[PDB]
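Below, in structure tokens: the form deposited in one PDB entry, a single chain.
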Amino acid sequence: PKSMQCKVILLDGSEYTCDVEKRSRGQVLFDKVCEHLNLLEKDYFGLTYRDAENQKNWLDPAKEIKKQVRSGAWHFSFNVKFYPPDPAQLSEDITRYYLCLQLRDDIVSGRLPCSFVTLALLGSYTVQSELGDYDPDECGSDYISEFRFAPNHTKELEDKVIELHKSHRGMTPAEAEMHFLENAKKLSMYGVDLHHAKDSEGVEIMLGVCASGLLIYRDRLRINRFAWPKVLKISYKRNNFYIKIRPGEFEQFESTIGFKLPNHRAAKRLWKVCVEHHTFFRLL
């Protein structure tokens, strides 16, 4: 029975390797990865892979791995797929830990923009969770040299993490990770999957996919939001993506809003993640 080696980059940066039967559905590999991680609240997570255009794609657990990776390597990353709006309602601390690891990478990568103060706060909770109480003996030295807190480190940022770390004496790891998440969940780009697009007039916009719906960034002034319950149908055609909106109260007709994506693969990818968000957050 012929098996393919799978390599999975975990949220701690380490590499998990296993073999699956070459005709395996994605769920088979996902189940092995979640068991490795001791993760029971699996619904929030998924595996990603890179397509022939080096674009990130979700591995569909209900489809054959070979029909998704196609001619590429069986190389994946383990990621948060659906960011919970209220991480306090997750049943397990370890779920919250993996969500923290993902958000830490969202922050360092610059996908999740964050003020100086919130970068320092988040870093101070991570340090408290992983090292425990601030050692007053270290006083001015760098016991935090290995922690990456931001896309760009400054001495001022390091100083501020240490000042806030001192304030968390007695805080336990699940408590510190919960405070991390209570701050991170409030960030305007928390859990937003961003896609470059153009409106029906050709103006460059971004489409954000999240719990709260489909967001439109036209620039820093004039945003828009389509809450999922309003969205009746999501579709794609060639390089175009469409949402059909419920008729408003007293309105005769539905509305369809069209967007141009960078190519056909990009329209199909946006369609799939929107449909998946719409389902997940309808049920949650």
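Only residues modelled in both forms are compared. For clarity, a rigid core is taken as the largest C-alpha set superposing within 1.5 Å between two forms. Each residue number is its position in the shown sequence, starting from 1.
Although not depicted, the form solved in complex with a small molecule is the subject of the following passage.
- The closest non-hydrogen atom of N38 lies beyond 4.5 Å of the small molecule in the deposited bound form.
- The shortest heavy atom separation between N54 and the small molecule in the deposited bound form is within 4.5 Å.
- When the small molecule is considered in the deposited bound form, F259 lies well away from it, no heavy atom lying within 4.5 Å.
- Using a 4.5 angstroms limit between non-hydrogen atoms, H75 touches the small molecule in the deposited bound form.
- Of the residues checked (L221, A62, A52, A227), the rigid-core alignment between the shown form and the other one shows a Cα shift of at least 2 Å for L221 alone.
- Taking only residues common to both forms and fitting on the rigid core, the CA shifts of 2 Å or more between the shown form and the other one cluster into a single run of 3 or more residues at 220-222.
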